[PDB]
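# Structural characterization, general
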There are 2 protein chains.
Amino acid sequence: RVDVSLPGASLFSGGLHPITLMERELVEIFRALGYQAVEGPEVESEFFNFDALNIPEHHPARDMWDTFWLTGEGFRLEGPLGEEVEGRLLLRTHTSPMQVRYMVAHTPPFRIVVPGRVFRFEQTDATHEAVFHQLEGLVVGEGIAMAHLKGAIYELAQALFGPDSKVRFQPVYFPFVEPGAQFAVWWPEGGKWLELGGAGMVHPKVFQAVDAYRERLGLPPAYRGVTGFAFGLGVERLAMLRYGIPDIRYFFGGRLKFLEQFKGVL
Amino acid sequence: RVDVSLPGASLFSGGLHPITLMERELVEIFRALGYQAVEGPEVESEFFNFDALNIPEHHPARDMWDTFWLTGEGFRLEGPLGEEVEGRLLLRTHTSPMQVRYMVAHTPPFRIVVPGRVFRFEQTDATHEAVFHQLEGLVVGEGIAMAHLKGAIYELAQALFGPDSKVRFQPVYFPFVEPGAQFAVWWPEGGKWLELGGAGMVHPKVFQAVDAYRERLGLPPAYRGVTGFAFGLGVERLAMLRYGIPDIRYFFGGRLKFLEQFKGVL
Ligand SMILES: N[C@@H](Cc1ccc(Cl)cc1)C(=O)O
Ligand SMILES: N[C@@H](Cc1ccc(Cl)cc1)C(=O)O
């Protein structure tokens, strides 16, 4: 005889962070489309974070990213081909620099998605962080057109919001793409357009930067006769909409009563 | 003071079965190519396992599968659209019947991969089982050609054996495909051609079977103007080659000293 309705050994039950779940789902969505996930370093060179992406200093466009500038020596920032690069250190303001690193280290055609923690000097409120996550996308190859960028996002939406979802593209500006664009997806439930991220056809100058850096490293040009599209989307804003989180500050808050709430989710 | 090199609480450490790992890897390989995994029932109707696939009785081709015939009443075998079908019960001799079930329940274009336990009345030796696993593939859609079947397998190989791998196709016979084929992949390490599975362009009569069954269920024809390819490969033979298992009988042997050996693997 035993009271079988009696509690059992208190073995701990784990869980994954909301961002991990969201990032995972996103990565799966694109894996099904032939994209592979790779990461980049959080501490970057001004060259990779800005210059290589067609974003020079004193440029009005560089104001789109409030940079955290770093200092200190003894630190070894390593480049794409493992080599020891230089440049003013800073915390990457977006995952974009990674599409330059990847391109100098591989050859087209290819599909990549790169998730990552990004940093920006900004005031932390209920829907704004200085430390958040993005998910970049980059598909390069001969004959790649903007019709493909639009199809990718269409697929992203369907996968994220169902058959009654739909995408919308509006021209927007980014120094690393041309044509450039911002896209929104239709959220049937909340019944409204969510501005998800920006995108566009990789910029001529970005390809040139890649090949120039390649030469300097002894590699042969690989992006002379190919085109490609890239995109980037904020993760928290989407995780919040999706998991119904009211305050973006929770993610990095570390509160268990909060985190524990996502054990179930997948 | 504590002897920190002293054993800790003996919390149990789990593990996954070799077939699960192999099946998983296979499913991932194809997910990246846009395939989605679905399953079918182990107990089947002669109609789905044979007739629907262009394999009639007393046919010399039906001898390619030694069937386990079942008996007993009260059992409810459910069809594709959840309805209660009939026919002589048997243990499926391959996963193929599932490509008929899926097709009457959905519309093209699409990509599916269906893993599954199959049964065949055969003598169990070191490299032969009566109970094993297959992985079917079926890609239907307007304009689908044999050039695509060949590309899929090419991708399968690369993903399974590296850049120095290569595929080979030879004409072979199957009542449910035409052209029909058998394919082998080059295994650089062991340096030899491994005959992996059969494939081919879905047979006209299979599409007709699907649409006929659809009508009988009130659904409209969906496979009149589309073509498609399918393939099927034995899982154990591949898991063995891959994990270096000497005896196929181990998988269903249930021996822990055996299973425990795969905890690490992924
Ligand atoms: N990473 C950019 C978003 C982006 C725009 C365009 C492209 Cl093509 C890719 C990403 C940002 O931080 O605003
Ligand atoms: N399922 C078949 C193998 C197969 C052959 C051809 C195709 Cl198209 C698909 C699968 C068998 O059990 O032998």
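All residue numbers are counted from 1 along each chain's written sequence and may depart from the entry's numbering; residues that have no coordinates are not represented. As they are written, the chains are lettered A onward and the ligands numbered 1 onward, keeping that order. Working note: chains shown belong to a larger assembly, and all values are for the shown part only. Values reported for side chains reflect all heavy atoms of the structure, with hydrogen atoms and water molecules removed beforehand.

Determination of this PDB entry was carried out by X-ray crystallography to a resolution of 2.800 Å, according to the record.

Take the site of ligand 1 next. All names here are of chain A. Neighbouring ligand 1 are 15 residues; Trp 65, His 94, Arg 120, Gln 134 and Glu 136 lie closest to it. Throughout this description, a polar contact denotes any pair of N or O atoms lying within 3.5 Å of each other; where both atoms belong to protein, one of them has to be capable of donating a hydrogen while the other can accept it, and for residues adjacent in sequence the pair is counted only when both atoms sit in side chains. Within the side chain of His 94, an N or O atom sits 3.3 Å from a nitrogen atom of ligand 1. Taking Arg 120, its side chain carries an N or O atom lying 2.7 Å from an oxygen atom of ligand 1. Taken by itself ligand 1 offers 370 Å² of open surface, and the protein chains cover 93% of this. Where the shell around ligand 1 is concerned, the elements lending two or more residues are β6 (131-141), β9 (192-202) and β10 (227-234). Only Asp, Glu, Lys and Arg are considered charged, only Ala, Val, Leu, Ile, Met, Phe, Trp, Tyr, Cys and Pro nonpolar, and every remaining residue, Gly among them, polar. Taken together, the residues that form the shell around ligand 1 break down as seven nonpolar, six polar and two charged. Here a residue is near a molecule or strand as soon as one of its heavy atoms is found within 4 Å of it. Per-residue accessibility takes into account occlusion by the displayed protein chains alone, with areas from the Shrake-Rupley method and a 1.4 Å probe. The numbering of helices and of strands both runs from the N terminus, where a helix is a DSSP run of H or I of at least 4 residues and a strand a run of E of at least 2.

Below, the discussion takes up the nonpolar core. Formed by 41 residues in total, the largest nonpolar core has its most connected members in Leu 26, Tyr 35, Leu 135, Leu 156, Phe 229, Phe 231 and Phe 251 of chain A. Of all the secondary-structure elements, those providing two or more residues to this core are α1 (18-31), β6, α4 (146-161), β8 (177-187), β9, β10 and α6 (236-243) of chain A. In this analysis, two residues are considered to be in contact whenever any of their non-hydrogen atoms come within 4.5 Å of each other. Excluding residues that lie within four positions of it along the chain, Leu 156 of chain A makes contacts with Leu 26, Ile 29, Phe 30, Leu 196 and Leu 233 of chain A. We define a nonpolar core as any set of buried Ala, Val, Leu, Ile, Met, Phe, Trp, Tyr and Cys residues linked to one another through side-chain atoms lying within 4.5 Å. Relative accessibility decides the category of a residue: with a 1.4 Å probe and only protein chains considered, values under 20% of the type maximum give buried, values over 50% give exposed, and everything between is partly exposed. Ranked by size, the runner-up nonpolar core spans 39 residues in total, among them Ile 29, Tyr 35, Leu 156 and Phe 161 of chain B.

Turning to the interface of chain A and chain B, a few remarks are in order. Residue-level contacts link six residues of chain A with six residues of chain B. The quantity reported as buried area is the accessible area (1.4 Å probe) lost by two parts once they are put together, taken as the sum for both. Of the roughly 400 Å² buried between chain A and chain B, counting both surfaces, carbon and sulfur atoms make up 37%. Per-residue buried area on chain A facing chain B is highest for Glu 28, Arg 31 and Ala 32 of chain A; these three make up 82% of the total on that side. Salt bridges are counted wherever a side-chain nitrogen of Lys or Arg sits within 4 Å of a carboxyl oxygen of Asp or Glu. Seen at the junction of chain A and chain B, the total is zero salt bridges. At the boundary of chain A and chain B, one finds four residue pairs in polar contact. Taken together, the residues of the side of chain A that touches chain B break down into three nonpolar, one polar and two charged.

Every copy is matched to the others by a least-squares superposition of C-alpha atoms. Superposing chain A onto chain B takes a rotation of 180° plus a shift of 0.0 Å along the axis, which leaves an RMSD of 0.0 Å. In symmetry terms, the pair is related by a two-fold rotation axis. Residues of chain A ranked by C-alpha distance from the rotation axis are headed by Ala 32 of chain A, positioned 2.3 Å from it. Counting the interface residues of chain A, we find that 100% of their copies in chain B are interface residues as well, pointing to one common contact surface.

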